Protein chains: 2
Amino acid sequence: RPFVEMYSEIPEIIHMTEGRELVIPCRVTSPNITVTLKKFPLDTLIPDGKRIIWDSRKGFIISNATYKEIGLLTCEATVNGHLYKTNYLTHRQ
Amino acid sequence: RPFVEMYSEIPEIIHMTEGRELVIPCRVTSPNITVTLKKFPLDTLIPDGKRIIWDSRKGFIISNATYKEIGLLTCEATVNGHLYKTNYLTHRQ
Ligand SMILES: [Co+2]
Ligand SMILES: [Co+2]
Ligand SMILES: [Co+2]
């Protein structure tokens, strides 16, 4: 179990507001775990300065959410040869 | 194409309120299609024409939603020997 909260089967719903900070709360149980953030079904989002921040204690922080962040966001981690996914469905508050 | 709108990969978000009407809008392309309503992963919900009403042009109308209807609801239909599914995720504001 690399993720503290794991929504593999049914995604967790999270509210966002355009123009405001959005946390994708896939924090991990250990600092060695490598996490990838995806937006279904095409995009891989990488940590980048202040736009997208990774904090292993919190998850990914998107500094100012836009309508582009509306949809299915997935955190992925590979450990002990297995792939673990945790899924979030965002929509406006 | 038994369901007019088909949500498989990503379920469609439905806002619900306990004690109020809840519509699961899995309308179908013919009134001769039989549809079953399920709650993941265990339950089947049986329409009785009063508390839960089926209307092929609308979907399932649940009169008095309870917390038991919070979660992943699935409409299933078997036509021409094949099973089709469409998925809804109900959500409390
Ligand atoms: Co295994
Ligand atoms: Co066939
Ligand atoms: Co909402």
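If you look chain A up in the PDB entry, it shows as VASCULAR ENDOTHELIAL GROWTH FACTOR RECEPTOR 1 from Homo sapiens. Its PDB title, taken directly from the record, is "Crystal structure of VEGFR-1 domain 2 in presence of Cobalt".

Some words on the pairing of strand β6 (residues 59-62) of chain A
All names here are of chain A. Alignment of strand β2 (residues 22-24) against β6, held across 3 bridges, turns out to be antiparallel. Bridge pairing in β6 places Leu 22 opposite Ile 62. As judged from the 4 bridges shared by strand β5 (residues 52-55) and β6, these two strands associate in the antiparallel manner. Bridge pairing links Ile 52 to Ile 62 in β6. Hairpin remark: β5 followed by β6, antiparallel, with 3 residues in the connecting loop.

Remarks on the coordination of the cobalt ion (ligand 3)
With distances of 2.2 to 2.3 Å, the protein atoms coordinating the cobalt ion (ligand 3) are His 15 of chain A (NE2), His 91 of chain A (NE2), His 15 of chain B (NE2) and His 91 of chain B (NE2). Relative accessible area serves as the criterion here: at 40%, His 15 of chain B is assigned to the partly exposed category.

Describing the relation of the copies chain B and chain A
Copies of the same chain, two in number, are related to each other by a rotation about an axis and a translation along it. Note on the copies: chain B fits chain A at an RMSD of 0.8 Å, the axial shift is 1.0 Å, and the rotation between them is 179°. Viewed as a symmetry operation, the transformation between the two copies matches a two-fold axis. Considering only C-alpha atoms, the part of chain B nearest the rotation axis is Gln 93 of chain B, at 4.1 Å. Most of the interface of chain B is mirrored in chain A: 73% of its interface residues are interface residues there too.

Some points on the pattern of salt bridges
According to the stated counting rule, one finds 11 salt bridges over all chains in the structure shown. Close ionic contact of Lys 85 of chain A with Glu 76 of chain A constitutes a salt bridge, the shortest N to O distance being 3.9 Å. Judged by its relative accessible area of 37%, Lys 85 of chain A falls in the partly exposed class. The partner of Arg 92 of chain B in a salt bridge is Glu 18 of chain B, and the shortest N-O contact between them spans 3.4 Å. Of this pair, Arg 92 of chain B sits in strand β8 (residues 82-92) while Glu 18 of chain B is found in the loop between β1 (12-16) and β2 (22-24), placing the two residues 74 residues apart along the sequence. When its relative accessible area of 55% is taken as the criterion, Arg 92 of chain B is described as exposed. Salt bridges here are not isolated pairs; linked through shared partners, they connect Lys 38, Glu 76 and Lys 85 of chain A.

The rules we used
Residues numbered from 1 in each chain as written, not as in the entry; some residues may be left out. Chains lettered and ligands numbered in written order. Heavy atoms only, no water. Pairing = 2+ DSSP bridges. Helix = DSSP H or I, 4+ residues; strand = E, 2+ residues; numbered from the N terminus. Donors = N, O, S within 2.8 Å, 3.2 Å for Na, K, Ca; no water. Buried < 20%, exposed > 50% of the residue type's maximum accessible area, 1.4 Å probe, protein only. Least-squares fit on C-alpha atoms. Contact = heavy atoms within 4.5 Å. Salt bridge = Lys/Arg side-chain N within 4 Å of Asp/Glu carboxyl O.

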